[PDB]
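Chains as they are written, first to last, in the entry's author numbering: chain X, 5 to 231; chain T, 3 to 128, 137 to 377; chain S, 139 to 275.
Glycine included, each C-beta is placed from N, C-alpha and C at the ideal position.
First the structure, in the form of structure tokens, and then the observations on it.
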Amino acid sequence: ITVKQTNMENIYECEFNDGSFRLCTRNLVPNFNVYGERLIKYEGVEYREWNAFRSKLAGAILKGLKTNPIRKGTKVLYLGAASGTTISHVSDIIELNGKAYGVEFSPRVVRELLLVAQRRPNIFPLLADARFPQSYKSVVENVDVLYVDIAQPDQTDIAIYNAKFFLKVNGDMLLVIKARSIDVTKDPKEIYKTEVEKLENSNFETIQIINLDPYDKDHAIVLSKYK
Amino acid sequence: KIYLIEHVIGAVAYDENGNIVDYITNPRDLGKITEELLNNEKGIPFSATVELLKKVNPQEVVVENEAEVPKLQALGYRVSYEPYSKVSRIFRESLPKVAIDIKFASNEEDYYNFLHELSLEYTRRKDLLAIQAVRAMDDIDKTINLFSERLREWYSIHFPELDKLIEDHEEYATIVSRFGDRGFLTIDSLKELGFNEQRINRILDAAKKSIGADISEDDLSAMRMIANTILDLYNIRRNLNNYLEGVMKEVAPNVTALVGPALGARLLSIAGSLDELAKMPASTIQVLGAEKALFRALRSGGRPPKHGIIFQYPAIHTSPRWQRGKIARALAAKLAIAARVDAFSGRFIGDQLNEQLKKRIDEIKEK
Amino acid sequence: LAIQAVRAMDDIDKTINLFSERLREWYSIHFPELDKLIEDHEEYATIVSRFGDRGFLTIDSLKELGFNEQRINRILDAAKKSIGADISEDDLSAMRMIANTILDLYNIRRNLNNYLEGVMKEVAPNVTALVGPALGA
RNA sequence: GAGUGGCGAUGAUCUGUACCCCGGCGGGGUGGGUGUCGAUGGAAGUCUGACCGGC
RNA sequence: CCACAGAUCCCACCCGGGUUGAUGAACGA
């Protein structure tokens with residue numbers, strides 16, 4: 005075993021007993037895991053294994069995400085926080101300094117987000133509809149990163165709307181494009197092109213466009229800067 | 003023209019430039035804020051906002067939310083709303099800071115402590139104790155054993171023969187606690203705890219013919235401190251079990267029907283919560299605990315554990331080794347169903363679950 | 139006897155730490171802010187033991203521990219604005235059982251240190267002179 | 001003429017074939033790793049010696 | 001250019017170390 009820093013803050017790689025390499029983050033709440041993930045001690049510091057097949061962010065990193073706008077003390081608005089898988093990893097990355105505002109409108113699932121957010125002062129859970137940022141206007145502040153992973157046909161438009169409410173000028177947006185929940189009929193690759201155009205025809209500056217394959221079928225993530 | 007803001011922080015009035023014209027800070031009370039936020043959804047203004055619109059006397063006001071407009075018109079003002087206004091942004095840009103400026107909190111440190119707990123409570127509105143309790147129970151179990159092991163090693167300097175004569179830790183401790191020296195031991199005082207005729211005699215004879223050490227009252231009471239601690243823990247344990255039973259029946263009745271309060275709680279503890287236990291497949295539940303054994307098997311392709319913390323179920327650890335894997339598999343399956351009826355609401359159906367389980371066990375045992 | 143006593147002392151030390159870590163995790167369901175406000179385990183335990191509910195803390199009962207004017211105020215304000223859970227008296231006394239055990243064990247420890255000092259000076263005075271009773275034992 | 005008792009997701013199979021043994025099965029032993037602890041058990045098993053400084 | 005200083009260095013005594021340890025030597029009630 006060996007753990008070492010990567011190009012990105014608070015994000016580490018492991019050499020393993022057998023010779024495999026897996027992403028991990030620095031455990032903000034030591035001894036405690038959110039999903040089933042492996043906990044790993046190295047030189048008396050504990051790390052949480054970051055499975056790429058579950059977390060789209062881990063996926064995007066392993067597909068060569070140039071520069072990750074999520075780091076120490078960053079303020080993120082997380083649309084579609086779900087059960088807390090990925091958001092728990094951005095909590096680890098951001099540390100006590102920074103803040104994550106998790107919006108999620110499915111009660112069945114916010115149920116399990118609660119447990120994650122109790123243990124973690126970083127994360128501020130919100131049971132609300134990302135289509136109405138007015139309904140959480142009064143709890144959140146403006147942010148550096150708008151991380152948007154919501155299953156909705158007009159997902160992009162939702163994201164832009166939240167952006168002009170909460171995203172700082174020159175802030176970054178990681179937008180996950182779910183081809184099959186925008187339209188199962190259309191070609192995933194035609195969808196990626198037309199959604200990016202919505203960002204450009206607003207004023208987002210497309211930095212990088214990753215295809216999440218192996219890890220997520222019919223998915224692409226866009227990194228862009230709001231002006 | 004006054005641009006009005008509503009936030010957890012209170013009610014703030016801005017001019018068109020983005021300068022705080024006047025503010026009224028909210029009370030730092032979880033109860034009242036949550037309610038006012040729930041109320042704001044239906045268009046009801048904060049009570050802090052009502053006071054603020056009086057102190058300033060503005061002709062044209064503009065709010066954030068379109069549901070508020072008709073409410074403030076009914077209150078006497080000419081009102082409109084701007085969605086993602088420059089002002090509303092200007093406010094949130096300085097929101098880490100302006101919490102301190104309007105004296106909502108002394109520092110940033112416990113603005114975020116409060117806001118975290120507001121968010122927690124605000125979504126709660128839209137099992138942990140069971141877990142903690144069993145975890146402490148397990149600590150107490152562990153400690154009883156550590157101390158009893160110590161006590162026997164220690165007290166045996168004086169009365170070595172007593173160790174193999176009293177199997178039971180609680181009993182052993184009661185003797186050292188009540189007596190100390192072995193020459194203080196009496197038919198009368200020993201009957202007064204229910205030791206049987208024949209055993210009292212073997213104890214007293216062993217104390218008479220003891221090859222132990224003669225030792226001061228200072229030495230004995232040192233030992234007796236441990237004995238009394240052991241006795242204290244046993245009582246605390248029994249109290250914790252009853253408490254645990256109370257909560258466990260309340261929080262997860264079907265699970266508790268299956269494996270008892272303690273083991274039920276113990277599974278919750280490992281899973282993290284009831285809803286987490288509910289989301290699990292049986293094949294996970296079957297191995298919880300036993301992680302070292304599992305990942306050893308998964309890394310190498312070796313033989314996996316048949317059972318984790320589930321080993322504690324009487325039907326498993328008492329049964330012969332070739333029956334255990336089947337019993338475990340059947341239990342876990344039922345537990346998964348039990349956890350799920352417990353999680354996604356209400357109904358007690360633990361009787362048929364037990365009945366189905368005992369059917370499966372009776373079959374396993376007839377081979 | 140010197141050996142047994144120090145061994146039992148190292149058991150108690152270990153237990154005090156285990157219970158105190160448990161208690162803080164436990165009592166923090168009700169009053170989470172108190173955890174980082176009280177460094178000392180014995181003090182923490184005394185609070186959970188003497189008061190119970192967070193809303194039962196009082197100034198003079200706290201002045202009695204040794205708490206300086208300023209700290210009493212920080213604790214009380216922390217309890218007022220607490221984002222902890224509202225909880226039954228059954229739940230609190232459950233936690234309080236551990237608190238009282240912690241406190242007991244601290245007395246037993248100090249008692250064992252004195253007993254140990256006595257034996258250690260008797261049985262190995264030169265060693266005791268160098269490293270103290272405990273470390274000598 | 002009245003009530004019961006009736007495959008099935010609300011769930012069968014696959015592998016811990018352990019070895020082979022005596023009478024698919026009973027019993028047997030040898031096995032695996034795993035829970036306990038132990039023993040006393042087994043570990044270059046227990047540093048170094050020429051000059052150290054102050055002047 | 002010498003003179004004289006300087007401080008260092010030893011250098012050896014001198015003292016103390018020191019025959020009741022000089023040395024260096026990687027932690028875990």
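* Asked: How many Å lie between residue 16/X and residue 10/X at the Cα?
  -> Going by the C-alpha atoms only, they are around 5 Å apart.
* Contact between the stretch 54-64 of chain X and the stretch 19-37 of chain X: three or more CB pairs below 8 Å? -> Yes: at least three Cβ pairs fall under 8 Å.
* **Whole-number beta carbon distance between residue 175/X and residue 230/X, since they are thought to touch under 8 Å** => Yes, they are in contact, since the Cβ atoms of residue 230/X and residue 175/X sit about 5 Å apart, within 8 Å.
* Asked: Opposite residue 215/X in the DSSP bridges: which residues?
  -> Residue 215/X has 224/X as its beta-bridge partners, per DSSP.
* Asked: Going by DSSP, which residues form a beta bridge with residue 284/S?
  -> Residue 284/S is absent from the model: chain S starts at 139 and stops at 275.
* What residues are listed by DSSP as bridge partners for residue 182/X? -> 223/X, per the DSSP bridge assignment.
* Span of the beta strand (DSSP E) holding residue 9/X? -> Note, residue 9/X: beta strand (DSSP E), 6-9.
* What residues in the stretch 92-115 of chain T bring their beta carbon closer than 8 Å to a beta carbon of chain X? -> Those residues of the stretch 92-115 of chain T that come within reach of chain X (Cβ to Cβ, closer than 8 Å) are 94, 95, 97, 98, 114, 115.
* Asked: Looking only at C-alpha atoms, which of 193/S, 185/S, 226/S, 264/S sits nearest to residue 202/S?
  -> Considering only alpha carbons, the answer is 185/S.
* Asked: Going along chain T, which residues have a C-beta under 8 Å from residue 129/X?
  -> The contacting residues are 121, 122, 125.
* **Backbone secondary structure at residue 179/T - three-state DSSP** => Three-state DSSP puts residue 179/T in a helix.
* For the alpha helix (DSSP H) containing residue 8/T, list its first residue and its last residue. => DSSP places residue 8/T in no alpha helix (DSSP H) but in the uninterrupted beta strand (DSSP E) bounded by 4-9.
* **Rounded separation between residue 231/S and residue 161/S - CA only** => Going by the C-alpha atoms only, they are around 12 Å apart.
* Pull up the DSSP beta-bridge partners for residue 53/X, would you. => Answer is 28/X.
* What are the residues that DSSP puts in a beta bridge with residue 82/T? -> In the DSSP output, where bridge partners are listed per residue, residue 82/T has 64/T.
* Asked: Just how far apart, CA to CA, sit residue 178/T and residue 153/S?
  -> Whole-angstrom Cα-Cα distance: 22 Å.
* To do: Would you give the residue range spanned by the alpha helix (DSSP H) that residue 189/T belongs to?
  => Note, residue 189/T: premise wrong, no alpha helix (DSSP H); not H, not E.
* Just how far apart, CA to CA, sit residue 290/T and residue 353/T? -> Roughly 12 Å separates the two Cα atoms.
* Asked: So what does DSSP say about residue 315/T, is it helix, strand or coil?
  -> Note: residue 315/T maps to coil in three-state DSSP.
* Asked: Of the residues 119/X, 113/X, 20/X, which one's Cα is nearest the Cα of residue 132/X?
  -> It is 113/X whose Cα lies nearest to the Cα of residue 132/X.
* Asked: Would you call residue 33/T buried or exposed, if buried means 16 or more other Cβ atoms sit within 10 Å of its Cβ?
  -> Exposed is the call here.
* Are there three or more Cβ pairs, one per stretch, closer than 8 Å when the stretch 302-312 of chain T is compared with the stretch 326-338 of chain T? -> As far as the Cβ criterion goes, the stretch 302-312 of chain T does not touch the stretch 326-338 of chain T, which means the pair count is below three.
* Asked: What are the uninterrupted segments assigned as beta strand (DSSP E) that are 3 or more residues long and contained completely in the stretch 31-86 of chain X, given in chain order?
  -> As far as the stretch 31-86 of chain X is concerned, its whole beta strand (DSSP E) runs of at least 3 residues are 43-46, 49-53, 79-83.
* Among 67/T, 361/T, 88/T, 93/T, nearest to residue 81/T - alpha-carbon criterion -> For the residues 67/T, 361/T, 88/T, 93/T, the minimum Cα distance to residue 81/T belongs to 67/T.
* Asked: To which residues of the same chain is residue 183/T closer than 6 Å at the C-beta, ignoring the five residues directly before and after it?
  -> Answer for residue 183/T: 237, 240, 241, listed in chain order.
* To do: Compute the Euclidean distance between the alpha carbons of residue 175/S and residue 364/T, then round it to the nearest angstrom.
  => Rounded to whole angstroms, the separation of the alpha carbons of residue 364/T and residue 175/S is 48 Å.
* To do: Using a threshold of 8 Å, state whether the C-beta atoms of residue 99/X and residue 14/X are closer than that.
  => In this structure, residue 14/X lies closer than 8 Å to residue 99/X by Cβ.
* Kindly indicate which residue of 41/T, 11/T, 299/T, 44/T has the alpha-carbon position closest to the one of residue 31/T. => Taking only the C-alpha atoms, the option nearest residue 31/T is 11/T.
* Determine whether the Cβ of residue 139/S lies closer than 8 Å to any Cβ atom of chain T. => Chain T, which has a Cβ nearer than 8 Å to the Cβ of residue 139/S, makes this yes.
* Proximal residues of chain X, C-beta to C-beta of residue 10/T below 7 Å -> Those within 7 Å of residue 10/T in chain X are 142, 143.
* Per DSSP, what kind of secondary structure is residue 70/T in: helix, strand or coil? -> Note: residue 70/T maps to coil in three-state DSSP.
* Asked: Where residue 281/T and residue 188/S are concerned, what is the direct C-alpha to C-alpha distance, given to the nearest angstrom?
  -> Computed Cα separation, rounded: 33 Å.
* To do: Spatial neighbours of residue 21/X within its chain, please: CB distance less than 7 Å, with the 5 preceding and 5 following residues excluded, ordered by chain position.
  => Same-chain partners within the cutoff: 5.
* Cβ of residue 162/S less than 8 Å from any chain T Cβ? -> Judged by the 8 Å Cβ criterion, residue 162/S is not in contact with chain T.
* Reducing DSSP to helix, strand and coil, say where residue 191/X ends up. => Reduced to three states, the DSSP call for residue 191/X is coil.
* Asked: Between residue 84/T and the rest of its own chain, which residues show a CB-CB distance below 6 Å, the 5 nearest in sequence each way excluded?
  -> Closer than 6 Å at Cβ, skipping near neighbours: 64.
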